[PDB]
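Take a look at the structure below.
Nothing in this text is a laboratory measurement; each read-out follows from the coordinates by a stated rule. Backbone-built Cβ (ideal geometry, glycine too); neighbour counts: all protein chains shown.
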Amino acid sequence: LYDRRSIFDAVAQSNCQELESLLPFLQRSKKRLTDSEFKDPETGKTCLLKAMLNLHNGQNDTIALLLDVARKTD
C-alpha cells in the first residue's frame, strides 16, 4: 500500500525499488496518481514536483518511474 508521505519519502531518497508496486497499486485501486489524495493539501504540488526538487547530481531515477506509471494508469 502507498500514500502521499510514502511516495514523497521514496522519491526524496531516489528509491526506485519502493515504488515498484505503485503501478499495480493504482490500477487495482482505480485511482489516478494525479488525484487529490496525492496532491499537497496546501501548495497543490504532486509527487513529480517533489522528485524534481530532490535531484542528486542532476539525476533522480524515480522521475522516469513516476512518468511511466502516470502514462500507464490513465
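Which value at 222 nm does the chain reach when only helices count, each DSSP H run of 4 or more adding -39,500 (n - 2.57), with the total divided by all residues and rounded to the nearest 500 deg cm²/dmol?
Rounded to the nearest 500, the figure is -13000 deg cm²/dmol.
Computed 3J(HN,Hα) for segment 50-59, one whole-Hz value per residue from the Karplus formula 6.51 cos²θ - 1.76 cosθ + 1.60 where θ = phi - 60°, is 4, 5, 5, 7, 10, 10, 10, 6, x, 10, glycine and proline marked x. When peptides 40-46, 2-8 are sorted by average Cβ neighbour count within 10 Å, with the highest value leading, the order is 2-8, 40-46. Please list, by residue number, everything in segment 9-37 whose backbone N is under 17 Å from a paramagnetic label point 7 Å out along Cα→Cβ of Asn54. Flagged as within label range: 9-22. Taking the chain as a Gaussian network, where each spring joins two C-alpha atoms under 10 Å apart, which residue of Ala64, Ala12, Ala51 fluctuates the most? So, out of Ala64, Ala12, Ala51, the one fluctuating most is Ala64.
For the chain, a Gaussian network of Cα nodes joined below 10 Å ranks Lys39, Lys30, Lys50 by mean-square fluctuation, and the top entry is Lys30.
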